[PDB]
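Residue-level structural notes
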Amino acid sequence: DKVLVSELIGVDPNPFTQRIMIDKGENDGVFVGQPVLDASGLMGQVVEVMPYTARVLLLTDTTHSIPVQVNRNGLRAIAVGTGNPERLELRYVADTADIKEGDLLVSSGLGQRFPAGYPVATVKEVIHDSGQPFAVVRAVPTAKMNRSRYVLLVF
Ligand SMILES: [Cl-]
Ligand SMILES: [Cl-]
Ligand SMILES: [Cl-]
Ligand SMILES: [Cl-]
Ligand SMILES: [Mg+2]
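1. Thoughts on the overall build of the chain
Assigned secondary structure in the chain consists of zero helices and twelve strands. The helix and strand sequence of the chain, counted from the amino end, reads β-β-β-β-β-β-β-β-β-β-β-β. Taking 15 Å as the expected radius of gyration for a compact globule of 155 residues, we find that the chain reaches 16 Å, a close match to that expectation. Its C-alpha atoms put the chain at 50 × 35 × 20 Å along the principal axes. By residue count, 43% of the 155 residues in the chain fall in the buried class. In the chain, 55% of the contacts between residues at least 6 apart in sequence involve partners at least 24 apart. For the chain, the accessible surface area stands at approximately 7,900 Å², while carbon and sulfur atoms represent 52% of it. Side-chain charges in the chain split into 15 positive and 17 negative, and the spacing between the mean points of these groups amounts to 2 Å.

What counts, and at which threshold
Each chain has its residues counted from 1 in the order its sequence is written, and this count may differ from the entry's own numbering; any residue lacking coordinates is left out. Chains and ligands are labelled by the order in which they are written, letters from A for the one and numbers from 1 for the other. Derived side-chain values reflect all non-hydrogen atoms in the structure, with water molecules and hydrogen atoms excluded from consideration. Counting from the N terminus, the helices are the DSSP runs of H or I reaching at least four residues and the strands are the DSSP runs of E reaching at least two. Values of the radius of gyration come from C-alpha atoms, whereas the globule rule sets the reference at 2.2 Å times the count of residues to the power 0.38. Exposure classes here rest on a 1.4 Å probe applied to the protein chains alone. A residue is buried below 20% of its type maximum, exposed above 50%, and partly exposed in between. Throughout, a residue-residue contact means that at least one pair of heavy atoms, one from each residue, lies within 4.5 Å. Under the convention used here, a 1.4 Å probe and the Shrake-Rupley method define accessible areas, while residue burial counts only the protein chains that appear. We treat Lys and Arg as the positive residues and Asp and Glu as the negative residues; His and chain ends play no part in the count. Where a charge lies is defined by one atom per residue type: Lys uses NZ, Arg uses CZ, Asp uses CG and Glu uses CD.

Honestly, it's all geometry; don't read function into it.
Below, the structure is given as structure tokens:
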């Protein structure tokens, strides 16, 4: 309910991370695990808190996964980071699933880490794989990620 507005003050230059720094911390009530989003998508979660600043792991990090669903039909999937700043991939989507380019993915909340129903990404590509149970699904985050103005922290 309470939303704190923070500024993105750093992008972790480590090429192997998608990680940012924000200008709110312990003194502002920020906590580890806290969800972070912008006006068009979920961004990720707080992973470390300092007195007036914090570190945030983005959805696009290879170590990050978020349960999602296709907004229009409720089809469930896990969206993993690819290490690319503007790409996610969906796991566990049946090769024959009702999914297509332009479909909106929203948070499902099924991991009890993120609020349900918020935009996460749009499907970019579906690639079918003969003999494999799951389709290849690439998606683009709707958040501005390493480019957001107002980074919002949900209480
Ligand atoms: Cl904490
Ligand atoms: Cl949709
Ligand atoms: Cl990628
Ligand atoms: Cl979740
Ligand atoms: Mg980095």
